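Enquirer: sharing the initial chains of the complex here, in place:
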Amino acid sequence: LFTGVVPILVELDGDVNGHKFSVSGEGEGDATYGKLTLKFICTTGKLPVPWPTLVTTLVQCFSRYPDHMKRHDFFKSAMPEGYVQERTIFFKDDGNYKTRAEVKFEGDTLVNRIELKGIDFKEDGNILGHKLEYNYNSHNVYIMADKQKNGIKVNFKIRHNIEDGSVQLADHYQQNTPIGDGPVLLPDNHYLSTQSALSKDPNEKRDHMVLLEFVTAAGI
């Protein structure tokens, strides 16, 4: 199923402090190699929040899991019916995002539909005060099994570089549950090691973000 290059389509509909916006994205992924390649366009004009604060919200099934760890791959075991990914992201000393997404296969395309709502942000805050640089660091995503719920609990902190050399923390509380009733692989504790690079498209005039990502499982 994830053996080749799989087309991905991402759609987000959000609201941050009353401000409504939409982002649609296209790209493709490659499990075998852990590479993601996505282009996101804010389809309603200008994005009221910085492009980097949506990186984690805008498809972990694309992680390369070395062979000996394939029984720990919850993400692809829930395919192709999918899983629901929920998160509560707390930005240090500022608002929080609450997102719910549904990631399933629609034909041949891996679809990720999300609904984001964020509140409590300050206008003097780095988030709304667009004080965040356009770049991304590497982080370790920590996964554990939620036995009861038949899913996984994921948790990690993101480091956003503010343009004044400081660092904006974003506390992530993640939960994943399958969409189908069938059995699914509950893993042993391990972590995903992700890298991400943001860039632009010279030939794109609409507000957007080009994201390049490499993710590989480890910790076993």
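Expert: Arrived safely. Numbering: from 1, shown residues only, chains lettered A, B, ... in the order given.
Enquirer: pretty sure residue A:216 sits against residue A:34.
Expert: Yes - using Cβ atoms under 8 Å, residue A:216 is in contact with residue A:34, at 4.9 Å. (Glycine included, C-beta is placed from N, CA and C.)
Enquirer: any common contacting residues for those two?
Expert: A:63-64 (Cβ atoms under 8 Å, 6 or more residues apart in numbering).
Enquirer: which of these two has more neighbours?
Expert: For residue A:216 and residue A:34, the more surrounded residue by other Cβ atoms under 10 Å is residue A:34, and the numbers stand at 20 against 15.
Enquirer: how about the nearest residue to residue A:218 once chain neighbours are set aside, phi and psi?
Expert: Distances taken as Cβ to Cβ, 6 or more residues apart in numbering place residue A:193 nearest to residue A:218, at 5.4 Å, with adjacent residues excluded. Per-residue torsions, residue A:193: phi -110, psi 110 (degrees, to the nearest 10).
Enquirer: thought residue A:193 was touching residue A:138?
Expert: Yes - using Cβ under 8 Å, residue A:193 makes contact with residue A:138 at a distance of 7.1 Å.
Enquirer: okay, these two: which has more neighbours?
Expert: With neighbours defined as other Cβ under 10 Å, residue A:193 and residue A:138 compare such that residue A:193 has more, 17 against 10.
Enquirer: now the more buried one, which residues is it bridged with?
Expert: When bridges are called by DSSP bridges, residue A:193 pairs up with residue A:140, residue A:216.
Enquirer: need the contact list for it.
Expert: A:138, A:140-141, A:215-218.
Enquirer: just the buried ones from those?
Expert: Buried members of the contacts of residue A:193, counted by 16 or more other Cβ atoms under 10 Å: A:141, A:215, A:217.
Enquirer: quick one: contacts for residue A:47?
Expert: By Cβ under 8 Å, 6+ apart, the contact list for residue A:47 reads A:21, A:23, A:54, A:207.
Enquirer: assign the spatially most central residue of chain A to helix, strand or coil.
Expert: By Cα atoms, centre = their mean, chain A has its centre lying nearest to residue A:56, at 3.0 Å. Secondary structure assignment for residue A:56 (DSSP: H, G, I helix; E, B strand; the rest coil): coil.
Enquirer: chain B next, sequence below:
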Amino acid sequence: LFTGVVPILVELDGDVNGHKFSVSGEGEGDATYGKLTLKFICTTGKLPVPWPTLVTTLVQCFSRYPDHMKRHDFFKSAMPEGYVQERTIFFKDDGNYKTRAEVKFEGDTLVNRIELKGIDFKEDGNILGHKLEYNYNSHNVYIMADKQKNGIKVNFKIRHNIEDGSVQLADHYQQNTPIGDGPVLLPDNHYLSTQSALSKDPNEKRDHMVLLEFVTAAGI
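Expert: Putting chain B together with the chains above:
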């Protein structure tokens, strides 16, 4: 000169604690967009040090400098004769690298020839003890003019993620001087914002590192 896509060739010859090795690399860069794309092969077998500790050593002229900052672009002003880049990199609580390179244009290809010597590393150290993860974070490279010397002084600290969640610091002391006698643009203080993602090549059997980098000037 840097208006299009320029082929790059990198060659390093080094010695770390007696261990001799070579690395040759090929790729191309795109100034207009700040993108670098390089593939490095350790031509003498296995690399005695981790691939990430050589990222900064293994061509800043590829940074995108927005128009209004073009009088601050020392790197491209020294072309095509080039510049000599020297550095002394101190790894926190471990050895240090001392490199000298020469970056000039050879025909159409931008060449970067380096000679690295590093000493004082521990075998129980993260560097020789290969305890560093295969990923890279984003950093701010700080540039100032060395008026007297007719060049620039660059300085920054790199953050290498150790596989046990900790962070290995690498203190960089950089110096750049032109190779030609002609005048060169000495800039105002500003900084380069770089992002880097390491990956592998499925079809490559020789020890190597695939590097993808995006660099843009800022601070003015």
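Enquirer: again for the contacts of residue A:193, since chain B is there now?
Expert: Residue A:193 is in contact with A:138, A:140-141, A:215-218, B:133-135, counting by Cβ atoms under 8 Å, 6 or more residues apart in numbering or on different chains.
Enquirer: could you do residue A:189 as well?
Expert: Residue A:189 touches A:142-145, A:219, counting by Cβ under 8 Å, 6+ apart.
Enquirer: now a PyMOL select for only the buried ones of these.
Expert: Listed next is the PyMOL selection for buried residues among these, using 16 or more other Cβ atoms under 10 Å in any protein chain shown:
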select buried, chain A and resi 142+143+145+219
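Enquirer: redo the contacts of residue A:189 as CSV? Include distance to residue B:171.
Expert: Output for these, formatted as CSV (distance: Cβ to Cβ, whole Å):
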residue, distance to residue B:171
A:142, 30
A:143, 34
A:144, 36
A:145, 41
A:219, 29
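Enquirer: farthest-apart pair in the contacts of residue A:189, please.
Expert: In the contacts of residue A:189, two members sit farther apart than any others by Cβ to Cβ. They are A:145 and A:219, at 13.3 Å.
Enquirer: just flag the most distant two among the contacts of residue A:193.
Expert: Across the contacts of residue A:193 (Cβ to Cβ), the longest gap, 15.4 Å, separates A:141 and B:134.
Enquirer: residues from chain A in reach of chain B?
Expert: A:32-35, A:133-138, A:140, A:161, A:163, A:165, A:193-200, A:202, A:212-214, A:218 (Cβ under 8 Å from any Cβ of the partner chain).
Enquirer: any of those residues buried? List them.
Expert: Buried by 16+ other Cβ under 10 Å: A:33-35, A:133-138, A:140, A:161, A:163, A:193-200, A:212-214, A:218, out of the residues of chain A next to chain B.
Enquirer: beta partners of the residue lying closest to residue A:40 once chain neighbours are set aside?
Expert: Leaving aside its chain neighbours, residue A:40 sits nearest to residue A:25 (3.8 Å; criterion: Cβ to Cβ, 6 or more residues apart in numbering or on different chains). With DSSP bridges as the criterion, residue A:25 is bridged to residue A:10, residue A:40.
Enquirer: residue A:37 versus residue A:25, what's the distance?
Expert: Distance of residue A:25 to residue A:37, computed by Cβ to Cβ, to the nearest Å: 11 Å.
Enquirer: compare the two and say which is more crowded by neighbours.
Expert: residue A:25 (23 against 15; other Cβ atoms under 10 Å in any protein chain shown).
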